[PDB]
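Presented below, as structure tokens, is a lone chain in the form deposited in one PDB entry.
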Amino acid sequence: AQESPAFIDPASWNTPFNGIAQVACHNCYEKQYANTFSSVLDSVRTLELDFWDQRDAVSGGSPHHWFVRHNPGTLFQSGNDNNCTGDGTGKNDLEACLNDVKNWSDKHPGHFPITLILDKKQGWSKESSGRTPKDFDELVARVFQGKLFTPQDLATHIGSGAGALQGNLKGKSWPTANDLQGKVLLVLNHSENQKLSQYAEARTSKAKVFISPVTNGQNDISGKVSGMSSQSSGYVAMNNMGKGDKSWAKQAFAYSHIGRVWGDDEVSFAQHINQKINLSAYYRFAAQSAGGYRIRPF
């Protein structure tokens, strides 16, 4: 039984995922934007977590653990400042926030696929510190288990190697929202494409997470991506654009890469749909809609 909340246009279900436009949150883990992280799923199906290795900028990390907060430092002695389960006791870490999504998914069989933007704020560790790309994949896999849909799954769907998604996606359809019912898609962002390139080089076709580089030219979609190796560029199936770079969403769309645009809150959802944006990130997500919908086909 496919879910039927009013904000989903039912035409979405038989549309390839790359042909669907969504209202997404921007930084909805912050208390100012929602009372609980779980509540965000009352309004949208694309969420975001900002995650840190250390308790402040320089200290306090532990293996196989990351903190969730906006700023390099917080007055909360826990190193967490967010609306996930544990908010009020300091136990509201990345794993807790991921578990909020997992638990919501278990309670809503047949849900529209959930996309989580994981906005990484520090560099990767080496093996001894327990926060490598492999450790990150192990965490997300432990939490979500078989809920995940990964780059290799997409590559199989389109008949490509995962390291040739970049160009082989052009002209192809992702699975439909119906095909993806009950699934979770994880996306890695960082201000520096080098950290995405480090992730992809480490994980290759085993990656649990889609990389989505900062995009401000054609080459960041289909060429040697700024800040990345050739190898890492080939795994790109998603692209991340700030407001000033949103014209590139039309080329993400052309390449069947999932484009996200953030920072463009004064522009309507309907306008963003005309601009071929898959994921339009809004701080005030519940206030956005087009003809009553927050998810609809282009």
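Don't overthink the numbering: it's just position in the shown sequence, from 1.
Note that the form solved in complex with a small molecule isn't included here; everything after this is about it.
The three residues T150, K183 and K208 each lack any heavy atom within 4.5 Å of the small molecule in the entry with it bound. In the entry with it bound, at least one heavy atom of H26 sits within 4.5 Å of a heavy atom of the small molecule.
Contact check for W262: a heavy atom falls within 4.5 Å of the small molecule in the entry with it bound. For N240, a non-hydrogen atom is located within 4.5 Å of the small molecule in the entry with it bound, even though that partner is not displayed. The small molecule is not shown here, and in the entry with it bound it never comes within 4.5 Å of any heavy atom of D93.
Interface residue among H190, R131, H111, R203 relative to the small molecule in the entry with it bound, by the heavy atom within 4.5 Å criterion: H190. The stretch among 60-68, 226-234, 251-259, 26-34 whose residues place heavy atoms within 4.5 Å of the small molecule in the entry with it bound is 26-34.
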